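Only one chain is included here, represented as structure tokens and corresponding to the form deposited in one PDB entry.
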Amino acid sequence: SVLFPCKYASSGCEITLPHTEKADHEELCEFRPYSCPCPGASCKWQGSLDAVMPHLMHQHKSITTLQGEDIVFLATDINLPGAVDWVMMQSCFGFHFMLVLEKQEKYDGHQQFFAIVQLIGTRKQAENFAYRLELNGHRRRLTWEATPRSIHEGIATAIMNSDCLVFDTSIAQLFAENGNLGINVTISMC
């Protein structure tokens, strides 16, 4: 049983495991760098958790940040052929929750939206929360509630498995007013 240091020991991590069992700790390890949480898979910054807020303050100034624990995100122009994602930050409970709406294109000539929120915080910190996403309309409500993913884990593997609010364009137009979609976001503790 010959032991190896974790890949991220050069960041402070002091664990040593057998060459096989690296996988587990190696991507649960808190010393793993955080990738830029923006749904834009085009900004490939990395760095430490404390640095994430700086990096968005600096390189993603166009992100609207919202009041408190129950807000309404107005995603504008969801039917624009060019529009592909909306993003914004919600400040409550002394944390920040990044809300991202990703438009993707599948079988139809149409698109599906995916909506999910992540916590600016650890995997452990994120389990103490839940979030709810509401699309509201005339005698209609589509709701999704789940546990926000930590930015450490990311949303890509959750988008992949539809583990978030999921809708296509005809659902959008049911709830879209003009070309804008109002998404009620509620964060809570648990």
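We call the rigid core the largest set of C-alpha positions that still match within 1.5 Å between the two forms. Throughout, we count residues from 1 along the sequence that is shown.
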Is it the case that, in at least a third of the other entries compared (those modelling both flanking residues), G109 has no coordinates?
yes
Please compare 38-46 with 159-167 and name the stretch with the higher mean C-alpha B-factor in the deposited structure.
38-46
Averaging the C-alpha B factors as listed in the entry, name the stretch that ends up higher: 89-97 or 107-115.
107-115
Given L28, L133, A126, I151, the residue at which the Cα B factor reaches its maximum
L28
Would you check the entry's CA temperature factor for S62 and let me know if it's in the chain's lowest, middle or highest third?
highest
Quick one: classify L181 as lowest, middle or highest third of the chain based on its Cα B-factor.
lowest
Based on the deposited C-alpha B factors for this chain, I'd like to know if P54 is in the lowest, middle or highest third.
middle
Can you tell me which third, lowest, middle or highest, the CA B-factor of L3 falls into for its chain?
highest
Where the record places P33 (Cα B-factor, split into thirds across the chain):
highest
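Just so you know, the form deposited in another entry exists too; it's not on screen, but the next bit is about it.
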Core-aligned, does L28 move its Cα 2 Å or more between the shown form and the other one?
yes
Relative to the form shown here, do the C-alpha atoms of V100 and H25 sit closer together or farther apart in the other form, given a change of 3 Å or more?
farther
Please say whether the CA atoms of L28 and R149 come closer or move farther apart in the other form, knowing the change relative to this form is 3 Å or more.
farther
